[PDB]
Each structure stands twice: as C-alpha cells, then as structure tokens.
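K.L.:
There are 2 protein chains.
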Amino acid sequence: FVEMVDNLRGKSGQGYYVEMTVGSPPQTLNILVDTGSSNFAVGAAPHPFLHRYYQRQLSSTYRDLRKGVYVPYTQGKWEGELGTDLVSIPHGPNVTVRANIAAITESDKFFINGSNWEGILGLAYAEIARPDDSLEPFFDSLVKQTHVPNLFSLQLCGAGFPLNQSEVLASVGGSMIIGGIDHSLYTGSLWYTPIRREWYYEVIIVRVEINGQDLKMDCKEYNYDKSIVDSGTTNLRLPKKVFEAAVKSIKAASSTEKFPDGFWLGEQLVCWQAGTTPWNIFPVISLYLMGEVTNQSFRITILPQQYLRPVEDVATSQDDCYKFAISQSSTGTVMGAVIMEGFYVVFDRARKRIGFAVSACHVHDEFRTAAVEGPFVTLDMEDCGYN
Amino acid sequence: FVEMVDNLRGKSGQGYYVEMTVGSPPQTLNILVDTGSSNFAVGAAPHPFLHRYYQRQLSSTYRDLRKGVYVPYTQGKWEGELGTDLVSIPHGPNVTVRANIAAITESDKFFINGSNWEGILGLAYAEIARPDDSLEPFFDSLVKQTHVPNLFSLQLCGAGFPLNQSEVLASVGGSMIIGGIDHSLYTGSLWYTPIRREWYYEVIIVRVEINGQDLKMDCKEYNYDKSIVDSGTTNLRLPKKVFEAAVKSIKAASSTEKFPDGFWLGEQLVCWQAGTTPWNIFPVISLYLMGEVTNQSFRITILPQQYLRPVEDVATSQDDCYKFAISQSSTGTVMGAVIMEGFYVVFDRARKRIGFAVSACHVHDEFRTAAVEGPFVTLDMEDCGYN
Ligand SMILES: CCCCN(C)C(=O)n1cc(C(=O)N[C@@H](Cc2cc(F)cc(F)c2)[C@H](O)CNCc2cccc(OC)c2)c2cc(C#N)ccc21
Ligand SMILES: CCCCN(C)C(=O)n1cc(C(=O)N[C@@H](Cc2cc(F)cc(F)c2)[C@H](O)CNCc2cccc(OC)c2)c2cc(C#N)ccc21
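Right, dumping it as structure tokens:
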C-alpha cells in the first residue's frame, strides 16, 4: 500500500487531514480524518478560516437531496444542505465513489484557523450519522461501490515538538491506509480488541495502571458511559472519577516538581530549558483492553511524550513547552489523537475489531518506548461494559 | 553441564550451598557459595549449628601448614588453622584439587542454625584472601590444576514464598555451572559489564532508576567506595546517600499504603492477607551497568518480588509476610542474593567481565518481569568509579 503511505498532514492540536476531491471536474479539498463521527461534510460557503470551499454549481455531477442537516458535536457545530457527488482520494485507492456530502453553510466553533482543512470525514458507523442512520456514511459507500476491503488503518505522527504553519504544510503527518495494513508503519505484534457495538468505535477498558500501579477502580468506571477511539479529538478524555484518580496518581508520581492547577486543568503550558524536559519524572499510562480470546486482555502503554502535547511558547523562546493532554470528559472515555500518536490503529470493520501496534513514528526517549503487550488473564471483562 | 544443573540448595536468608568432599576417605560437607570473599573454610570442631564437620585426623591426605588465620567479615567472623587437602565437587566437574582449607576452630555469628552448610567457598580473588594474597583461593587452584575453563556461572532460585526446613532440604535452590554457561538457565541475551579490578567481583553502576525515575545522583555515589556482586550476603546494600534517596523514592512510589519505619530498616515484617500482597504499588528498580563497548551501558531491572524477601507467618493466620531486603551499607554497594535471584550471573574471569541475563527461575507476576536490556548511550562512565 505504498501509494497511501504518508498521505496525512496535520497535528493533534488542530487535526490530521487527507486530500480529497469532490465534484466534476475535481475540486481539491483537505479533509479532517474523524473516527469519532459519521458525517462527510465540507465548507460550501466563504468563512474567515477557509481558503477554499465546495462549489456545487460548478460540479456537473452534483445531486441535490433537498434536505437540511444539523450536526452538533460536544463544543462545535455546523448546519448544511445534503446532496451527493463523485468523490476520490488522490493518495488513496484508485477509485471514485458517489457519496453523501453535507454542504456546510453555517458553523460555530467548527473550522480551525490555520488548520489547512476545509471538511470532515466521519469514519464511524451509520447509527450516529445525522439526520439519522439512513444517511449512509462515506466508508460504507466506498466499500459498497468498490472492491476495497472493509477496513482502514491509521498512523498519526506527532512531531514531539511544535510545528508552525510552514512546517506543518511541509511535514508528513502520518498515513491512512484504506483497505489494508502496511507493515512498515508499526513494530511488534498487532493486538485486537472487539468493537463492542458499531456506532462509535466503542471498546472496553478492563484495567488502568499508572507506572504499573493499578488505579483499582471498578472497571465499569473506565467505560462510563462508553469508551471510544476518536481521531477527531486532541486529548485522552476520561470520566470524572477516573480523571481525578489518574491526575492524583500522575501528580504523586511526578511530585519531585510542582505544577500550577491550570497545567493539570489542560489550560496552561509548562516550559523547560531547551532539551531538559524531565520525561523520566512522569509516569507511563497503561490501558488494558478486552482481548478477542475469552478471558484474555492486552495493554497499550503511553509515555509522557504522548500525553504532554508540544505547544509554542508565549515568548516563542528556545524553551520546550507542553500542555497536559488529559481532560475530564462529559462523554465517557475518549482515546483522542495524542493516544493514537503512540500506535498504529487498525479499524478492522470486517472482523468487528480494532488492532493496536506500537507506531514506527511514536515519540520516545532512549529509556522508554510505547508498548503493546499481552496476553493477561483478566477478570470478568464483559461486566466492564456500561449499560 | 547437565550434571551440574540443579546442584545448589538454600535460600537468600541463609545462603546457597553446594556439596563438596574433603580429605581421604572423602568427607562430605555442604559449602556456602560466596562470590564476596576468597577463603575456602570449613567447620573443624563441634558447634551447636553443625551436624558434621571436617575431621583432619581422619584424612590421610591432610597437610598442616602450621599457621593460624583470622577472617573478619562485616558482622560475622572466624579463626582457624591453615592446611591443604584433596577436594572434589560430586555434582561439579570430574576432578580432584589440592586446595587451601582453613579449619575453623572458633567463630562468632558465622554459622547459621538450620542453613545446612558447614563451610564457605570464597570465589573471589587472591587480593582479599586472608592472611594475604599468597593464600591461593580455591577457584585459582581448580583452574591451575585441571582443564576446567576459567569461568563459573550462578543461577540462584528464590521460591517467592517461605520454605520450611524439610522443604528447603528437598528443593532445588539453583545451579553453579563450573567452567561454563548453561543456556537453559536464562532467557534473552547475556549482557556483560567489565570487572573493574580483580579483588572482589567489582563493577561500576552508572545510573539508577526507581520506576523509570532517575535518582539523579553523581554516579560516583552509586559506587562509593565500591560496587560488588556478593552471593554471600542476602540484601541489596546501598551507600548511605543512595539508600536514603532510594527508600524515599520507594516510599513515595508505594505511598497509597504506609508501613512502620522498622520495616524500611529491614528489621520488621510486613504481612498481608493470604494472596493479597500489593506488588503493583511497589516500584521496579533499574541498575545501569557499564558496558564493554565504549560509551555503552545496559540495565538490569528487579521487581519487588526480588527486594521483598518472603518470611514465614508463625502466627495462626495464613498471611504472606516479607522483609524489606534493601539495607544501608558501610562498605559500598552490594548486589546480594536477592538481586542475584533475578538473574543468571556469569563470572567470566577469563575475559574479566560479568554477564547478566534474566533468570529462568526468577519470581514475578503476570504484569511485570525482571529485565536485562540495552544498549544505552552513556558518557564519562569510568568517572563513575570511585578512587
Ligand atoms: C483533533 C481535533 C482538533 C481540536 N479540537 C477541536 C478538539 O480537540 N476537540 C474536538 C472535539 C469534538 O467534539 N470532536 C468531533 C469532531 C470535531 C473536530 C473538530 F476539529 C471540530 C469540531 F467542532 C468537531 C468528534 O467527532 C467527537 N466525537 C464524539 C461525538 C460527540 C458529539 C457528536 C458526535 O457525532 C456527530 C460525535 C472536542 C470536544 C471537546 C469536549 N468536550 C474538547 C475538545 C474537542
Ligand atoms: C548468604 C547470606 C546469609 C545471611 N547473612 C549472614 C547475611 O546476610 N550477611 C552476610 C554478610 C557477609 O559479611 N557476608 C560474607 C560471607 C558470610 C556469609 C555468612 F553466611 C556468614 C558470614 F559471617 C559471612 C561476604 O564474604 C561479605 N563480602 C564482603 C566482605 C566484607 C568483609 C570481609 C570480606 O572478606 C573476608 C568480604 C553480611 C554483612 C552484613 C553487614 N553489614 C549484613 C548481613 C550479612
């Protein structure tokens, strides 16, 4: 799948995107890769943050569905007009599909200044598509209309340092392999967790450790009210009780240095002299996931290099600065972009499972790397799912 | 070396011993394996703790050197009479050696009741032999007089739980492979550190971590005034400054549970309800050792299953009880039996180096294992040696 390697650009703070074309003749647009939703939508009218948009009147293959659509996400939202058009992915499979497209005409806190993307590719399942589940998501259309196998995999590559507008445009941000798995993108074994239900990419977390120390919560707390894999969100997002426990434990592990409350609240940066970030004082975080074999689990392990997101200094000094990329969630557990940066993630829709392997592009140091390890004989895993 | 596999009995608290014979006809004696000294010495007169002893008058091959010897160890000591006699190792190489033997006639806090050993085999170099370096140590005699290669290796096997008197007598305590390496005794790769000077088996520690967190001391502190590998001592022993930092850090890492000071002083037991020992709250300890390649180091990682030593619960309960097997040292760093239990240790005298590999009999849990890992780029490491 060499043609699809390195087809992504962007970063965790603003999103990872793929180049797509819509319409006839092709209109090129940059599209956010979002495993956390199921609508394919593009800017279709001028916006202060868009440098280009979808022009339906210029596409001869545009079909009007005569229907409005409203999509509220947790914080941002948009409103649009539904239609269909021919769609291609220049650095994807050699195919053209007719897919539903929501032409965005109004939005609030959706588009991101300087992100270089003009649309969103919702890669999850029909159940969470708006207006309802009859609006067939793009990936479903792709599989139905082509011979592309029913799976995709994602390698999101964090740089480990801040990127300005110029750098981010010229830097490779990762890979989206549509229809397969590319072996150059990972090391070690792929470990698979079942997709609990095909709506979001929902998984079940059975155990959490901070530097090997068990948080020792009822596992239902880890999945309350769901746990999802979401490339459309920056942070590891954790339910209230889990967040508080995790933060207390991370603070205690790293207590040789003190940080303001605002840092732990995800709001303010901390800076260190160039090169002197004390990675070793911060713990690793292991999430144990339900295995495919009964009574088995595996674990994925992330470093502070994942959960501390590089940010530019307010000064823009030689210092190395970061934000705490773990937040309290109103929506259950979310494995956002900063988690996904540690791993090659395989969305095996065909076998209703998600694969994890250590990413060939994850940021680490000489002393520690991200890990995917198993098996473990685990307690009563099904019970960890919330109802 | 199949004949020598499983030729050890014992445990960390009382010593690991090998069967030997001395004199003509052969007198069978159990002998403590001690890499921390250089005198071969045996009980030679009745003692409350000895069920048998060396009877020089009954040996036709006994030679009386007409000279006294006094050996003070840190806490224990003995005096005796020097001589030579023929020595063999029934479950060792098929050879007979004429070796120096100190016939112990008086002792204080040396013999251990119930240990089942009657003598000591000092396997270190002539430099620390008493009365002086002219008294050829046993291993030197063995190599000089036979075709046995100048190398031995040790696998000390801790049970991970208490053994009673009959249990320790009927259990395999490990292997002393004289003249070679047995591949069934380890997993992974052997990593070698240089022997700094041929007296004690002296090594250089270049970095110490507690759960990945750097103790952040000048590396000379870890080797002040020396660091040795010592099977004749139970604990990991650390110079005052290193000990204080380590205990602080281990208390910090295990802080969710509080223990009396006397536990941390290695004096008192801590007990938990049967099977409930909270291994996960205790940190791993990594000792980085100087590599053979310039600017290269490797690390050995021990678990709490190594540094918490199982001791019997003498009360009516079924508790699992332990002592803290890390002590403050007046004599530099000592890698005692509890450390060695984690690893297969190769005393490669011929190449002036010590090999470490994960032991096939180390105690662990399903979440963590002991490790031997490298390489790490490390600088100015000869600077870590004390002068
Ligand atoms: C890599 C993204 C760049 C940075 N941004 C904008 C973000 O970190 N975030 C993206 C979120 C979000 O809500 N993401 C959308 C996509 C999105 C990306 C973006 F770019 C700007 C947006 F409007 C939205 C996912 O799809 C959510 N999945 C669950 C869900 C929640 C609610 C409705 C859903 O289905 C329609 C799905 C989001 C939510 C919270 C909360 N609470 C905090 C930060 C968030
Ligand atoms: C196999 C462990 C059984 C339990 N015991 C008795 C011990 O834990 N220990 C053994 C020690 C000790 O001093 N060991 C001797 C051997 C020994 C074993 C035994 F069985 C009873 C003993 F008399 C002695 C080594 O040889 C020391 N190497 C450096 C050195 C220090 C001073 C002089 C030296 O060369 C002569 C060497 C020792 C020292 C301290 C101190 N400080 C604390 C505990 C110690």
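Protein chains in written order, with our numbering: chain A, 674 to 1060; chain B, 674 to 1060. Think of the CB as a built atom: it goes at the ideal place given N, C-alpha and C, for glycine as much as any other residue.
From the beta carbon of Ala-714(A), is the nearest beta carbon of chain B less than 9 Å away?
P.N.:
no
K.L.:
So which residues of chain A does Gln-886(B) contact, with C-beta pairs closer than 7 Å?
P.N.:
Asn-953, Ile-954
K.L.:
What does a CB cutoff of less than 8 Å around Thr-819(B) pick up in its chain, not counting 5 residues either side in sequence?
P.N.:
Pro-766, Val-768, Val-770
K.L.:
Using three-state DSSP, classify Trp-872(B) as helix, strand or coil.
P.N.:
Here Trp-872(B) sits in coil by DSSP.
K.L.:
Is any beta-carbon of chain A found at less than 9 Å from that of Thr-950(B)?
P.N.:
no
K.L.:
Residues of the stretch 1014-1041 of chain A in Cβ contact with chain B at a cutoff of 8 Å, in chain order, please.
P.N.:
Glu-1039, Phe-1040, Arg-1041
K.L.:
So, for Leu-888(B): in the same chain, excluding its five sequence neighbours on each side, which residues have a beta-carbon less than 6 Å away from its beta-carbon?
P.N.:
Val-881, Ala-918
K.L.:
Helix, strand or coil for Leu-976(A), going by three-state DSSP, please let me know.
P.N.:
coil
K.L.:
Identify every run of the beta strand (DSSP E) within the stretch 863-911 of chain B, keeping only runs that are complete inside it and at least 3 residues long; order them along the chain.
P.N.:
List check, beta strand (DSSP E) in window: 878-883, 900-902.
K.L.:
Pairing CB atoms from the stretch 782-792 of chain B with CB atoms from the stretch 1046-1055 of chain A, are three or more of them under 8 Å?
P.N.:
no
K.L.:
For the beta strand (DSSP E) containing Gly-792(A), list its first residue and its last residue.
P.N.:
792-795
K.L.:
At the level of alpha carbons, what is the spacing between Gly-831(A) and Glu-1014(A)?
P.N.:
Linking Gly-831(A) to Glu-1014(A) through their CA atoms gives a straight-line distance of about 6 Å.
K.L.:
Flag this pair as yes or no: are the beta carbons of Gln-969(B) and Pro-867(B) separated by less than 9 Å?
P.N.:
no
K.L.:
Measuring alpha carbon to alpha carbon, tell me which of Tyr-980(B), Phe-722(B), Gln-991(B), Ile-958(B) ends up nearest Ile-999(B).
P.N.:
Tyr-980(B)
K.L.:
Below 8 Å, is the gap between the Cβ of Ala-1010(B) and the nearest heavy atom of ligand 2?
P.N.:
Within the cutoff, so yes.
K.L.:
Given a cut-off of 9 Å on the beta-carbon distance, is the pair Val-1018(A) and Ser-711(A) in contact?
P.N.:
no
K.L.:
Could you name each continuous beta strand (DSSP E) segment of 3 residues or more that falls completely within the stretch 785-831 of chain B, going from the start of the chain to the end?
P.N.:
792-795, 825-829
K.L.:
Using 8 Å as the cut-off, can you tell me whether the stretch 912-929 of chain A makes contact with the stretch 983-993 of chain A, which would need three or more C-beta pairs spanning the two stretches below that distance?
P.N.:
no
K.L.:
Can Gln-828(B) and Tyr-859(B) be called in contact, C-beta distance under 9 Å?
P.N.:
yes
K.L.:
Going by DSSP in three states, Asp-986(B) sits in which element: helix, strand or coil?
P.N.:
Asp-986(B) carries a coil assignment under DSSP once its states are collapsed to helix, strand and coil.
K.L.:
From what residue to what residue does the alpha helix (DSSP H) around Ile-777(B) run?
P.N.:
Per DSSP, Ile-777(B) lies in no alpha helix (DSSP H) segment; the continuous beta strand (DSSP E) that holds it begins and ends at 769-781.
K.L.:
Beta-carbon separation of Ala-1030(A) and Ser-862(A) under 9 Å?
P.N.:
Going by beta carbons, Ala-1030(A) and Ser-862(A) fall inside the 9 Å limit.
K.L.:
State yes or no: is the beta carbon of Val-1050(A) nearer than 9 Å to at least one beta carbon in chain B?
P.N.:
yes
K.L.:
Using the beta-carbon of each residue, which ones in chain D are nearer than 8 Å to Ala-925(A)?
P.N.:
Structure shown: chain D not included; protein chains present are A and B.
K.L.:
Examine chain A for any beta-carbon lying closer than 9 Å to the beta-carbon of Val-675(B), and answer yes or no.
P.N.:
By the rule that beta-carbons nearer than 9 Å mark a contact, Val-675(B) does not touch chain A.
K.L.:
Can you find a C-beta in chain A that's less than 9 Å from the C-beta of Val-943(B)?
P.N.:
no
K.L.:
Look up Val-845(B) in the DSSP assignment and say whether it is helix, strand or coil.
P.N.:
coil
K.L.:
If you scan the stretch 708-775 of chain A from start to end, which runs of the beta strand (DSSP E) of 3 or more residues do you find wholly inside it?
P.N.:
713-716, 736-745, 750-761
K.L.:
Compute every distance between the C-beta of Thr-1006(B) and the non-hydrogen atoms of ligand 2, then say whether any falls below 8 Å.
P.N.:
No.
K.L.:
For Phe-936(A), I'd like the list of residues in its chain whose CB is within less than 6 Å of its CB, leaving aside the five on either flank, ordered along the chain.
P.N.:
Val-943, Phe-997
K.L.:
Check whether the Cβ of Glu-1055(B) lies closer than 9 Å to any Cβ atom in chain A.
P.N.:
no
K.L.:
What three-state label does DSSP hand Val-1045(A) in the structure shown?
P.N.:
Strand at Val-1045(A).
K.L.:
Around the Cβ of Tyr-798(A), are there at least 16 other Cβ atoms within 10 angstroms (buried) or fewer (exposed)?
P.N.:
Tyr-798(A) comes out buried.
K.L.:
Does any C-beta atom of chain A lie closer than 9 Å to the C-beta of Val-920(B)?
P.N.:
no
K.L.:
Can you give the Cα-Cα distance for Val-744(B) and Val-715(B), rounded to whole angstroms?
P.N.:
12 Å
K.L.:
According to DSSP, is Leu-858(A) helix, strand or coil?
P.N.:
helix
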